[PDB]
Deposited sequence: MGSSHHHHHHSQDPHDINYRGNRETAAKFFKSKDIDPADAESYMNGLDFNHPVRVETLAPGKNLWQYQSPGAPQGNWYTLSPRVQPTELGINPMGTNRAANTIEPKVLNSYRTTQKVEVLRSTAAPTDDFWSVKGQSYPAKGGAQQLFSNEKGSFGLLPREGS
C-alpha cells in the first residue's frame, strides 16, 4: 500500500488507541474503513445533526452518517437487522442524533458491501456515546 494509505491507517490506529480500543480489536474497527480514501480526525461542535442505523430494539452505536439519504449498503451495513425479543429479521431503523458537546470524530469512507463473500459512503466514528443525543423519531 502507498504512502497515503499507510498514513490513513496510522491516523485511524492512533484515534482508536486514544479511545480505549486495544490493538488487536482496533484491527476490526479499521476493517470498517477504506484507507484508499482520506481518513481525518475532526472536532464537531454542539448542534450537529447526524444519523445512525440500528437494529430494532438495539442501543446506540458508534457509527454515524452525515445525511439521512445515505443507504445502508454504501455504509457497509446490511439493510436488515435483528429484532432480538421477536427473533426476527427486520429493517434497520434510522435514528437521528445531535451532538451535545464538542467531540472528536474519525471521518472516513466505508468499506461498502459487495458480493465477493455473498462507491462507499462517508461515515463518522465515535464511541463517546454521551456526546450524541438521541432525537425524537
> Can you list the gaps, numbered from 1 on the deposited sequence, where no C-alpha is modelled?
Replying inline: 1 to 14, 133 to 141, 161 to 163
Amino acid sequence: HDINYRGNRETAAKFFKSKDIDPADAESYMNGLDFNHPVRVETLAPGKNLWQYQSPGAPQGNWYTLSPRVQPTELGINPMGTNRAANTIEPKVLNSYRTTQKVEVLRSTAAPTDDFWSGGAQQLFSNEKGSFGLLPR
From here on, numbers count along this sequence of modelled residues.
> Should the higher mean CA B-factor in the entry be assigned to 94 to 102 or to 28 to 36?
Replying inline: 94 to 102
> Of the two stretches 80 to 88 and 44 to 52, which shows the higher Cα B-factor on average in the entry?
Replying inline: 44 to 52
> Highest CA temperature factor in the entry: which of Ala12, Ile21, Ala121, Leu124?
Replying inline: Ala121
>> Could you place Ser108 in the lowest, middle or highest third of its chain by Cα temperature factor, using the values in the record?
In response: lowest
> Where does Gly57 sit by CA temperature factor within its chain: lowest, middle or highest third?
Replying inline: middle
